[PDB]
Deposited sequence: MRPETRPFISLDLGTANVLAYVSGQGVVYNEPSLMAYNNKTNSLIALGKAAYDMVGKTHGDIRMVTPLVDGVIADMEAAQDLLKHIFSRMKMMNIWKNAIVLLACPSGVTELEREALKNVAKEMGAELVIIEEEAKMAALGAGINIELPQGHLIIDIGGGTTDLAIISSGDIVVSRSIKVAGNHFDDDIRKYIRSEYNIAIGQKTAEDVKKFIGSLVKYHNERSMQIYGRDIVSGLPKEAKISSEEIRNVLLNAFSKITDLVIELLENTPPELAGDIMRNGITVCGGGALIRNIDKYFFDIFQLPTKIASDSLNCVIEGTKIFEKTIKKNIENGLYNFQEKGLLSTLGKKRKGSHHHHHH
């Protein structure tokens, strides 16, 4: 029948999402998984392990199953989707739609399918994240109109020119959210001589981070370890200095856009001026990222609604398409 079960997965570097047809997104948690480093046993995953990063003894190993679409830890990758498939095992012929970044090789994608199949998958389908992100952002990719999708995730900023449902031009760079957190951590050590964890650096980016000055920007207090005294030390950080370090981090992302537009066919480039840039992903939540991209490229920039879910929302829309590609052909 056509009521066949359907599951799609966003195996992101920072957040893992799982959509089930008829039940919505049943799983949406960070990718961190805590393991007992003495017994190689699973301790926690999702939020329970994400609240412990930087707060664990050496006997607790923090693991990310997938980094930039590639299986970073085989034991963790299959432990993750076993937890997801078990909540589907307890409700038999589900369709497994995987979304893979453009940088994943075919050899690594066959590994993603087998790991899914090894844990109990019958039919595994792989689609490009860019067209999934474009579907979740509201673009009708079937139309012959060029669109520019910028997906700023946890460890990869993915760029793609999409027209007629295909990736005309594609670029990728390993500079994203995790790189922004490290630069914030390294800046606060060079400017205030205070060591902070990755979690504090990430919360600063979310609370006061921006690329253009916004209305009534506030300053927040950090709490870390003093390099000089060794004792815990406090510090006040303004939104401006967080903006200047994000400005510097976006330097390698901006030139990639120049390189993507350099090799874009002239008829597509015409559509980019009228259709514009669509920024999606976690990095799309940077304050005034639309005005920042507009001020540089003179291109109209819009932020997709629920940018975190553009990939998993696109797989929602693409379920009726793969069922056509399965029932037919």
| property | result |
| --- | --- |
| Missing stretches, numbered from 1 on the deposited chain sequence and kept in order | 1-2, 94-96, 335-360 |
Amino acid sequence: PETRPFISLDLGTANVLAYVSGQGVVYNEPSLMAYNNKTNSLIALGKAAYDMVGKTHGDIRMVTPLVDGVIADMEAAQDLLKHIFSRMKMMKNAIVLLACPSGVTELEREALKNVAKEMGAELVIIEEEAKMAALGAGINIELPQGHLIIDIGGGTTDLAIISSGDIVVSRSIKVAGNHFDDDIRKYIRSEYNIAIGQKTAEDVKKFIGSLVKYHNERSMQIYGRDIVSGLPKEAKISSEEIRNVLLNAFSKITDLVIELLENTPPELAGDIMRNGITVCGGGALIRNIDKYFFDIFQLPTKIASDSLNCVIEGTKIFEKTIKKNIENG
From here on, numbers count along this sequence of modelled residues.
{"item": "192-200 versus 79-87 - which carries the larger mean C-alpha B factor in the record", "value": "79-87"}
{"item": "229-237 set against 170-178, stretch whose average Cα temperature factor tops the other in the entry", "value": "229-237"}
{"item": "Candidate set 121, 99, 160, 135 [ranked by C-alpha B-factor, highest]", "value": "121"}
{"item": "Top residue by Cα temperature factor, when 253, 245, 149, 116 are compared in the entry", "value": "116"}
{"item": "Third of the chain's Cα B-factor distribution that residue 294 belongs to, per the entry", "value": "middle"}
{"item": "Residue 142 - Cα temperature factor, lowest/middle/highest third of chain", "value": "highest"}
{"item": "Chain-wide C-alpha B factor ranking for residue 309, given as lowest, middle or highest third", "value": "lowest"}
{"item": "Residue 103 - which third its CA temperature factor falls in, relative to the rest of the chain", "value": "highest"}
{"item": "Residue 57 by Cα B-factor - lowest, middle or highest third of the modelled chain", "value": "highest"}
